[PDB]
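Read-outs throughout are calculated quantities, based only on the coordinates presented, and are distinct from any laboratory measurement. Cβ placement follows ideal geometry from the backbone for every residue including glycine, while neighbour counts extend to all protein chains displayed.
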Amino acid sequence: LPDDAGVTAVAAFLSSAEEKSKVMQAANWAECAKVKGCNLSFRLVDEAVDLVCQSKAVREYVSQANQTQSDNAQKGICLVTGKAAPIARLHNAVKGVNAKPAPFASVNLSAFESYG
DNA sequence: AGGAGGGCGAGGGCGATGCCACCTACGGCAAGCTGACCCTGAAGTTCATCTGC
């Protein structure tokens, strides 16, 4: 995804090792270090509300990286909709129930698995 | 000797058996603590172990 100026910016910020060091020397960095599992994200300036992961190329990339990579998986068949719709192992971490986002529907122990 | 030993009918009548108020005051009915430990997870990989080579 080149010529974005949002990800070329961060890819030039993630090939820096010093500006990232400058992130620790920020006014409020001491308050993000307090929260375990802080989630930083990359809003390039000159978009002003829009993250690097909000530009209409990363937006399309994700809409392309959730339409190509998450479509070659196990071909069928949906429990929910019944369509072919490639099957999703690893249901996504439903947040707000547990102490951590937990996979609402998740059969992961040696025998909760039914038929192998 | 042969006596007669009461006969009668009354034995309450009248009303009153309570009046008055009071039957509580006061305040407190809790304090203090705890109400749970412990684990049990998805997901993934490692790592010890097994089978086969």
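Computed values, structure above
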| read-out | value |
| --- | --- |
| Per-region count, the range A:20-72, residues of a type in the set (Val, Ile, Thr), under 20 Å from A:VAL10 (Cβ atoms) and without any contact (Cβ under 8 Å) to a residue 12 or more places away in the chain | 3 |
| Pairs, first in contact (Cβ under 8 Å) with a residue 40 or more places away in the chain and over 13 Å from A:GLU60 (Cβ atoms) in the range A:1-15, second part of a helix (DSSP H, G or I) and of a type outside the set (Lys, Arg), C-beta under 6 Å, six or more apart | A:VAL10/A:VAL52 |
| Residues located in the range A:62-104, provided they are aliphatic (A, V, I, L, M), within 15 Å of DNA strand B (Cβ to nearest atom) and either loosely packed, with under 10 Cβ neighbours inside 10 Å or on the phi > 0 side of the Ramachandran plot (or both) | A:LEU79, A:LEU90, A:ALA93, A:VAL97, A:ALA99 |
| Residue within the range A:88-96 that is outside any loop (DSSP other than H, G, I, E, B) and of a type in the set (S, T, N, Q) present | no |
| Residue match in the range A:39-49 (condition: surrounded by 12 or more Cβ atoms within 10 Å (Cβ to Cβ) and among the charged types (D, E, K, R)) | yes |
| Residues of the range A:105-116 classified as more than 8 Å from DNA strand B (Cβ to nearest atom) and either closer than 24 Å to A:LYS36 by Cα or aromatic (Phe, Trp, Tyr) (or both), total | 1 |
| Candidates A:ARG43, A:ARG59, filtered to the one that is assigned to a helix (DSSP H, G or I), away from DNA strand B (no atom under 16 Å from the Cβ) and within 17 Å of the chain's Cα centre (by Cα) | A:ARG59 |
